[PDB]
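Residue numbers (the authors' numbering), protein chains in the order written: chain P, 1 to 82; chain L, 1 to 123; chain D, 1 to 205; chain E, 9 to 158; chain W, 35 to 85, 93 to 110, 116 to 117; chain Q, 3 to 82; chain H, 1 to 129.
One structure is given here, and the rest of the page talks about it.
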Amino acid sequence: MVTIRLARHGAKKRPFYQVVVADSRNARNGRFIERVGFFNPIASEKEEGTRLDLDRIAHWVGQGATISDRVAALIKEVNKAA
Amino acid sequence: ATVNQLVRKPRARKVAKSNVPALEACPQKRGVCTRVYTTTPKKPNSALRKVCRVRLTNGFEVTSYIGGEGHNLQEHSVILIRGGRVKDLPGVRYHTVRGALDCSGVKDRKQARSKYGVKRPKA
Amino acid sequence: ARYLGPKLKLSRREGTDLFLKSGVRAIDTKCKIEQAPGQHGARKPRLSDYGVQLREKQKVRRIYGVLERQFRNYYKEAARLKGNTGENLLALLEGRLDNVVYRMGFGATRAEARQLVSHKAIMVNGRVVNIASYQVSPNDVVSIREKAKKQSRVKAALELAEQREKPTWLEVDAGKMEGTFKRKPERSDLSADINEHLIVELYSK
Amino acid sequence: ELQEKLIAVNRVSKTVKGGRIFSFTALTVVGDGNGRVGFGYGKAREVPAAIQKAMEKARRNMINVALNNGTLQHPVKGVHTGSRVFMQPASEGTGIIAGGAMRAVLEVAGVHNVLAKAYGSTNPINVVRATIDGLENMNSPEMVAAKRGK
Amino acid sequence: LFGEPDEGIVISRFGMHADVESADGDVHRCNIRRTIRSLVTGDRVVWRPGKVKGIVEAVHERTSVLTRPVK
Amino acid sequence: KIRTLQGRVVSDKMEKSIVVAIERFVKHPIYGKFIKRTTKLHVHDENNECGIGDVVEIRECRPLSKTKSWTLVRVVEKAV
Amino acid sequence: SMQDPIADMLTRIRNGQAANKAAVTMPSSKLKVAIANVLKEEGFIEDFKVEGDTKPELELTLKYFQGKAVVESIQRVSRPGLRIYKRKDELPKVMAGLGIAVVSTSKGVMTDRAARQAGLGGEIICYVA
RNA sequence: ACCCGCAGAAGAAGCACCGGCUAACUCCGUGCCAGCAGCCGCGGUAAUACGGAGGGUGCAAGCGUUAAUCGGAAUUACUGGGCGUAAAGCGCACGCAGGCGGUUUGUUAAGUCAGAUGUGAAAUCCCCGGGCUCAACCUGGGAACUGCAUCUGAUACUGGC
RNA sequence: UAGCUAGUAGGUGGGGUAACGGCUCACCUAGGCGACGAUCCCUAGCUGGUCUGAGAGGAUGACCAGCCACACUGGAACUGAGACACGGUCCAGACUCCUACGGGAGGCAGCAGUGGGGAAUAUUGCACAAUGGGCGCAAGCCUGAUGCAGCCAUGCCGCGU
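Quick look at the structure:
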């Protein structure tokens, strides 16, 4: 039942979403499995960016874990994966 | 002091600022004067000071000062207890403040309003 | 806030430069200075060092005209530091836009200086002002932004800017509606009251 | 330095032939160095008369202060009676909250790289005296193996 | 403290107070003001209520015919 | 990481239920000195093959019984 | 003492140097000598010279630091109620920022300076400036 | 979000202090009263303090109060506090527990002394960057991984032996 | 709170869970337990971490993350692995209502809102836009989860004033 979802993070309007693994169970956030990147949609220098760390994701999924479309953002972000 | 003794019964760091017990809590209380009483101060300060016992609802029936010059109505005036005792008064524990709402207003004072004088309208 | 306040009189009680009744008669005169502004309540100065030091820093706070809320903010930043807390604070303080609105010669009084920034009427190359609480950059062409452009305040200010609190560090300009804060304020050029073991000393529990 | 601070003249009471009289007697610190602070106990009958008698006295013996960085060579601790005192070598470049019992004498020493704090007592009489006793002790070294090779 | 002046005879010394039986006959445990001091039981007093507690602010102890040390 | 520990059983007539001391130190620390922090588990004894001063190794296990959850394993030594 | 030898050692020193017993002699225990050595090689004493360990003598010569007593600091801290020597140099130091305070390592007693400084821990067996 | 126009600041200082200490005190009513009054105390005192007036201090859209905490308090002492007498030798013993005993090498390696590695979650705390109207507000990066937890070397130390 | 044990423990065996194991009974053995502080009582939900304090430490536990405990009186099983499920299971009941009055019937430690309590602190809110989780084949739907916004200096940072 493992899930990789985007926890809408960063103070709203600017979410600085942060793609994370958690049990798809929480409607929205709740239980945390482990972090896995970010997608910051507003104005930032670094250490603060937008992360997609495509590799780890793939290990989880293999054995059955799921991913968002704002991870699809992340995935297809440079068409990084796409 | 052998460690071995000490260890057995350890010795307490925290603070140690103590004098006598004080009570309750709830930032305010819902209370009205039992009666509005009047007491002496001390002798060379040769005065008389106006007060009130006060049933609350966040513990303890307190006797309370009603200050500056003057005080509230007798009985249960609608009185506001906004805490107190005095340096010059042992062992009182919540006081009934005027120049501050419920009460009457601290009469013949206007030399303060957050405290004393008037309970001017909290802007 | 500006914090709100009345200017020549003030100059009499704190007794030092803090950069604030800018116009054409300022301090003393036509009504001196130091011959009261009270006539009852100052009648037995009940000083202590708290006093001396209070005033000491107070000057400095006022020298920049900053709210205490903010002043504090500066103090702390400096304090974290490995350094001798004090100095680094001054750079910081000085570093703000209001400070830098008078030192380029747009503002003069903090109030005025700010007044400009405040009313979206002095700019920086510094995180959208409308505020002189803003803090200016190395190269900040602290530049004029509308209804003040070499107007009265600014034009005259660009003068005394030059002589402000010698900004060797921020290139005091305001004539070109600019004022290129080249780099941060440092104790290369003072304008201080305290000493860094009077104020540093002063802060203490 | 060359500074002196007049720590205090002191109203004492004798309690004489007739009334109960009260004096000034002065402990003052003087210092003319980090390496020299001297403090003297004067007697007398006025704030100056006292201070002077202190200063004088103080100037009598102008002695060690915060060797090494304007800071101690080594942190030192002070008793005098029951007084618990403390001073460190540091920098004043690391700051120094320049106390009284730690920028009076330190000031007339001139140095301030030494950070201090006294526990217990409010009595300078013993405590800054103990602070002084606490400052002194920071020795004469004698190598990068000083004590470790005399 | 103050109240309304009224007469009374001091029925009792109330320790701390003095208790005054009024002109009417009404007994009021009264305070005794810092201001007055020539009070004794039997004095006819001006006592006042508060605005029981009373207060005494006038007395009437008539001439000597007995003391202890001398009062 | 390890929990087959060469503790020691000592308990006896403790019918088939003897205990192995998986013993330890704990320091009384803030206010000083070294005490034991101690663990006994009635180990594998199971007819008391955890014995008397039988410095018994035990291997951590299932409860094989109420406390036999340290199976014994060894006995290494005897001690006084 | 009756129940901490280093603390007598230390104290005997204290009382020794105090009375500027520029020589203080007492039995060696293997540590004692060893420590004494370090002191020896750390000016505190310049030497000790020893006889016996189940029998007595370990004579330390305290110098004068500089006319003033060598040590002008020394005292027990390792009672049977107390050790605070954890491995991996999880023993740092106190007033041995001036002197030694010889540690005992993997094997041995050393100038602490060496094991201590060196991260080798060394057990901080006794205490000097 | 952001962005910007207008006039005038229009619509923005009160609030707390001020008898010391403590930032600030007078002038007057009261005034040995009525009171103030954190703490000390101020209350005849013509107030400073009361009470007011006024004046002064100290603050910013705040500024005060309460309830209300660790802090300083080394004031319970770890750091870091105490039995001749200031709160500290049992009446006195014995004495089990407890704890603690010499000594010498040898030895465990356990503790210690040497190490390993994992394991502290995350926040990303701190540190230190960084992000946004400064700032508040967003993040990251070194730093929470310690110790656990477990291994082990040395073995003097320490205890094992 | 200085006392423990018969399901006691163990043994032993069945018994049981998925299963470990008295774990449990059956039997036995006598076991089987605490003054390194047990038993007893309360109290506390408890952590990352909160608080403060130089720290020591102390405090703290937020206004989170992490975890639980707990979600109409008592009882009582389920589906489901999991839930004896804050608005999924039976009665009494409590409790209150239903009720042709028997029988029965009936309930925001989710929310606002309500009662109102207390010092007092939140819209019968908006919103799926995105965000998630669900459902739904799925499409979709759902989603007071949620987003955005409502309501309170209470708590922060500023311009202003």
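For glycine and all other residues, C-beta sits at the position ideal for the given N, C-alpha and C.
For residue i, which three-state DSSP category applies?
i: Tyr85(H); result: coil
i: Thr85(D); result: helix
i: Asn45(L); result: helix
i: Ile35(H); result: helix
i: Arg80(D); result: helix
i: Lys61(E); result: helix
i: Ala156(D); result: helix
i: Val55(E); result: helix
i: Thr40(L); result: coil
i: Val100(D); result: helix
i: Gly99(H); result: coil
Keeping to the same chain, check which residues put their C-beta closer than 7 Å to that of residue i; ignore five residues upstream and five downstream.
i: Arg82(W); result: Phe36, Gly37, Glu38, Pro39, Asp40, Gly95, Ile96, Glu98
i: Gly78(E); result: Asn42, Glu100, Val119, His120, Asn121
i: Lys7(D); result: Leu20, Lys21
i: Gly95(D); result: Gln135, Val136, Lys184, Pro185
i: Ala22(L); result: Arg93
When the Cα atoms are used, what is the spatial distance from residue i to residue j?
i: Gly55(Q); j: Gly16(H); result: 49 Å
i: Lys9(L); j: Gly34(Q); result: 12 Å
i: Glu14(D); j: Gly43(E); result: 38 Å
i: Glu34(P); j: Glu59(Q); result: 39 Å
i: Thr104(W); j: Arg35(L); result: 40 Å
i: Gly86(E); j: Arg43(D); result: 43 Å
i: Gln81(E); j: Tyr127(H); result: 19 Å
i: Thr6(Q); j: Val45(Q); result: 11 Å
i: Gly76(W); j: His62(W); result: 14 Å
i: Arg98(L); j: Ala112(L); result: 11 Å
i: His40(D); j: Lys85(W); result: 37 Å
i: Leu39(H); j: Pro132(E); result: 38 Å
i: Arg109(W); j: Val136(E); result: 58 Å
i: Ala91(D); j: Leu158(D); result: 22 Å
i: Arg164(D); j: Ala117(E); result: 35 Å
i: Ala22(P); j: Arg28(P); result: 10 Å
i: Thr89(E); j: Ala109(E); result: 17 Å
i: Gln28(L); j: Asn72(L); result: 18 Å
Got a sec? Which residues, its chain only, sit under 8 Å from residue i by beta carbon, not counting five neighbours each side?
i: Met63(E); result: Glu12, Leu14, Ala34, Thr36, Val38, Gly48, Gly50
i: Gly121(H); result: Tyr85, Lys86, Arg87, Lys88, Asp89, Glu90, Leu91, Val103, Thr105, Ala115
i: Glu17(Q); result: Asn50
i: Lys115(L); result: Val97, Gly99, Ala100
Please return the same chain residues whose Cβ sits closer than 6 Å to the Cβ of residue i, not counting the five positions on each side in sequence.
i: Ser148(E); result: none
i: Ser68(P); result: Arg5, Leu6
i: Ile13(H); result: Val24, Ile74
i: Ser28(H); result: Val50, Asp53, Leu58
Subject >> Interface positions of the region 78-100 of chain H facing chain Q (Cβ-Cβ less than 7 Å), listed along the chain >> reply: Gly81, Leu82
Original post:
Between the region 56-69 of chain H and the region 95-105 of chain H, do three or more beta carbon pairs fall short of 8 Å?
Top reply: no
Subject >> Short-range partners of chain E found in the region 39-55 of chain H, where Cβ spacing is below 7 Å >> reply: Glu42, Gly43, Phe44
**OP:** Mind the definition here: the region 130-146 of chain D touches the region 187-194 of chain D only if three or more C-beta pairs lie below 8 Å; say whether that holds.
**Re:** no
Original post:
What residues in the region 94-107 of chain W bring their beta carbon closer than 7 Å to a beta carbon of chain L?
Top reply: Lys94
Original post:
Quick one: any contact between the region 149-157 of chain D and the region 62-77 of chain D, if contact means 3 or more CB pairs under 8 Å?
Top reply: no
Original post:
Looking at C-beta atoms only, is the number of pairs between the region 194-201 of chain D and the region 73-86 of chain D that lie closer than 8 Å three or more?
Top reply: yes
Original post:
Three or more beta-carbon pairs under 8 Å between the region 33-47 of chain L and the region 1-20 of chain L, yes or no?
Top reply: The answer is no - the region 1-20 of chain L does not touch the region 33-47 of chain L, with fewer than three Cβ pairs under 8 Å.
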